[PDB]
Amino acid sequence: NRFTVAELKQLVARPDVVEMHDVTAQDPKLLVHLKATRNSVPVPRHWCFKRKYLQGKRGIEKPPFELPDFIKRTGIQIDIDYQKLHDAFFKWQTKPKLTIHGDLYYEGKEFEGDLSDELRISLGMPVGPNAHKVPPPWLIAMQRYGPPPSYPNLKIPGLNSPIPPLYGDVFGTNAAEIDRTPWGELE
Amino acid sequence: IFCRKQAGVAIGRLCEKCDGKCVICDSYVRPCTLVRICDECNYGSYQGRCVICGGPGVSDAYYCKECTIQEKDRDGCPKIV
Amino acid sequence: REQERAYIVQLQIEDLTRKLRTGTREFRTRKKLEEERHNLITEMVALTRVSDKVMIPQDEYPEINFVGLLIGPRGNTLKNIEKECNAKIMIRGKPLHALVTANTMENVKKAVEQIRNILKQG
Amino acid sequence: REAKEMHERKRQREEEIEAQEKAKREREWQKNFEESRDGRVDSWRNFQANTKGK
Amino acid sequence: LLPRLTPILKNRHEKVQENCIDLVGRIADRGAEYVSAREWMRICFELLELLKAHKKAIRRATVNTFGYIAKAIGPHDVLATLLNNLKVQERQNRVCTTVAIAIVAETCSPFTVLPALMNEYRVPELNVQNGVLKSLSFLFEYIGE
Amino acid sequence: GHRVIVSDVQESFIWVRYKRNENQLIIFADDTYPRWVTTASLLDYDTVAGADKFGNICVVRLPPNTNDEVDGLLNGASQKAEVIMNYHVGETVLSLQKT
Amino acid sequence: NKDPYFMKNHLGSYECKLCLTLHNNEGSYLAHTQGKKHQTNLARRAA
Amino acid sequence: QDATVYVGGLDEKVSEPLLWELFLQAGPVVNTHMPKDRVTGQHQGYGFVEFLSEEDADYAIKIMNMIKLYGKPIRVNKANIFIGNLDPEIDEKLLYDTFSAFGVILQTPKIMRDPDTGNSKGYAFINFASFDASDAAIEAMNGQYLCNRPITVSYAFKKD
RNA sequence: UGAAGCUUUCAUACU
Ligand SMILES: CO[C@@]1(C)C[C@@](C)(O)[C@H](O)[C@@H](/C=C\C(C)=C\C[C@H]2O[C@@H](C)[C@H](NC(=O)/C=C\[C@@H](C)OC(C)=O)C[C@@H]2C)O1
Ligand SMILES: [Zn+2]
Ligand SMILES: [Zn+2]
Ligand SMILES: [Zn+2]
Ligand SMILES: [Zn+2]
């Protein structure tokens, strides 16, 4: 006198939220309906686990909790500057990577045309001149065979972009073919 | 362990031992609202006695700021029985 | 023959340990039984002491039992410091001092630092 | 066992030298900290005077 | 005066203790310049033990005087000493040290205490991180807004 | 000009884009709160002021960068909107206007 | 010791990654090495 | 495997987001994979870039072939004489054409590949017709300047 | 690749 998984999957508007034990509830139709509410994060997923919570693996070795960039810039490791500590803490304050309300944390969840200057220095490519032609070695194949079909809006100097463009390490630019000011903000 | 019967006008008291720490969350920071106790807990020889250890009361009992924020001052007489 | 020697030497160690425990006079009799046991162990196995003095401020703090804190229960705290530092520690005086003796100056310094840390905590 | 004891003894001697250096270094650090003391107190007072001003 | 006053701090009468602490606090608040520091550090380390006093008055005056001395001599040295003291002592003294750290961080803005306290969490030992966590707990409870 | 804001009777706000060349209405953002919306007012290209049957006013602003170009994570839309203002007035608001 | 399984965590407590085990001191780890679990885990890693 | 391109010849300056940033101009590289070694714990010079379409992988293989990336011959591909330290941009037919100038080849040469990626391991084996071609390869080709990679030709088996 | 639970005579640590 109890549903089967496939039978209950046929009745509900959202069958992908139905699970193994959901047919064993006292009121599975209300349970599945609440599992489909347009909010309401689910249960912590380790209720059925016999290894309780956390723990599990002591294999990984973790280094000491790294100090924030500005605090590690304060040069704490004798003359001490307070104003530098104050101005730096407030003026140098930054916001860390926050997470959304829906997101939850699990035991295994802590593990799972432009080029950089270091790669251009290691690859043996010189800097961009004022008015000349200094293409990368991958640009000769693009000038010979044609533009890439995966990125048709990309511009390269010599083929689509003029030589005087090129500035620093920027060897390409993507050219894709209102009243954006916020309303109430401090001056 | 709490009496928790709706109170009235009697003012709860604290002994010299714990004077100034909350009766609900037993805390050492910022008191806010005066404690009221039921009439039975203040009747007869019980008047003015400590709301924790029934001993002599020397100061008024207070709920801390955190308890009044959470409306833990509206739950009834906090005399420990 | 080695196991027979070990058995005899064990019986002698237990005898000397009993003499030292049953019976300062108690320290002299224990030390004598430890020396007798050592001679027998040396026979069985065959078959520059740097010293520093740590002053104990008992004249400044007569209320504090520094000797009790350094020795610990059954001498376990003293023996632990002696084992960790590979140093021999002897309390001497009324002035009251700990004589630290080891094979290396480094072992003496480590033992002196541990003794000074216990004295400071006292 | 004797060879292991000899290597252990060499390691122990190195550890003892490191411990003696740590014992000194701490006293040197205290001396630098105390000689640097009046200047640090003056700097804190100057910072307090500047924050009050602004 | 003050060197004549510092031995009275060890008296065991409540009125004497409260008045002595209040006087030393006033002196540290206004006449901080005359006393060479070091004595202020000794006086604050001695006041550390009065935070466990079983009379609210004594605790209130001790909190006030510690705030004044910290405002006077600066957060850096007292914070270093308080961290060292938090590392090596028994339970009640460590709790009082936590209260003292919170007081220092409230009088001198927590921007002066937080980096040195977070640098101590980088030490690799257990019961060391738990102490940092207990200190952070009481710090936030004590500073509130 | 580009976007459409929809008020639900029990959900708060749905953001929609009209694809002029594809002839498509696509939902690209929604909210994380149930709101009994009585009226709504646009403050700028990213922010909306709303009112409620229960006497509340709220302001919701879209996060930076977003996409704009779209071709659920809470049984909803993939991107969410943030609530930057909440106020209880004590009476039911039926009109909101910037002027 | 020199075995890669023995290691020191951020807390400072010793831990055997081969057996997924925690030990208070060196003697507990050496008693664990002579136990059935470490020998069977080394025999599994022998193949 | 068809949409992913195997890159070979990566130095220590190249990284996992660096290959995805360099391959972003060729096509929409969705993911980058770099197998780490067991003894050193770093990349062995060979990696993979999984894109969205096969045309982007073909354009990356035809554009970034035999390039000089980080001072290394990086090349993208579709995922008794011993020659070591050979460039991955050359194929079996290219190695047979390069070996045809010294002597005559008996059959088609073979190059060793990794069991994980399967593009290039680093060593190859080629057999000559006679011992004169092997001596000419050990005299001239053993040390010749290849495409940004110093190769080394040696004898696979020799009897004293 | 993986799943290390339960119990006591152990023994060792923290409250
Ligand atoms: C042994 O008796 C008990 C346990 C029971 C009792 C209720 O009968 C007795 O009255 C009571 C009195 C003494 C004690 C130890 C309890 C309360 C006090 O404790 C102290 C140990 C703390 N110390 C602190 O508060 C830290 C900082 C200071 C300066 O405060 C503040 C506000 O910064 C917290 C509390 C102030 O303690
Ligand atoms: Zn009552
Ligand atoms: Zn009481
Ligand atoms: Zn409370
Ligand atoms: Zn193990």
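First residue shown is number 1, and so on along the chain.
Note: Cβ is positioned from N, Cα and C throughout, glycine not excepted.
Feature annotations, reproduced from Swiss-Prot:
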REPEAT    E:37-75  repeat 'HEAT 9'
REPEAT    E:107-145  repeat 'HEAT 10'
SITE      E:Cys20  site 'Interaction with RNA'
SITE      E:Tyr34  site 'Interaction with RNA'
SITE      E:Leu126  site 'Interaction with RNA'
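Fewest Cβ neighbours within 10 Å among the recorded sites E:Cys20, E:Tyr34, E:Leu126: this applies to E:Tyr34.
Counting residue by residue with DSSP, the repeat 'HEAT 10' (E:107-145) contains 26 helix, 0 strand, 13 coil. Geometry remark: E:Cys20 (site 'Interaction with RNA') versus E:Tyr34 (site 'Interaction with RNA'), CA distance 18 Å. Annotation note: E:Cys20 (site 'Interaction with RNA') sits in a helical segment as assigned by DSSP. Straight-line distance linking the Cα atoms of E:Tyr34 (site 'Interaction with RNA') and E:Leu126 (site 'Interaction with RNA'), rounded to a whole number, equals 43 Å.
For the repeat 'HEAT 9' (E:37-75), the DSSP counts in helix, strand and coil order read 33 helix, 0 strand, 6 coil.
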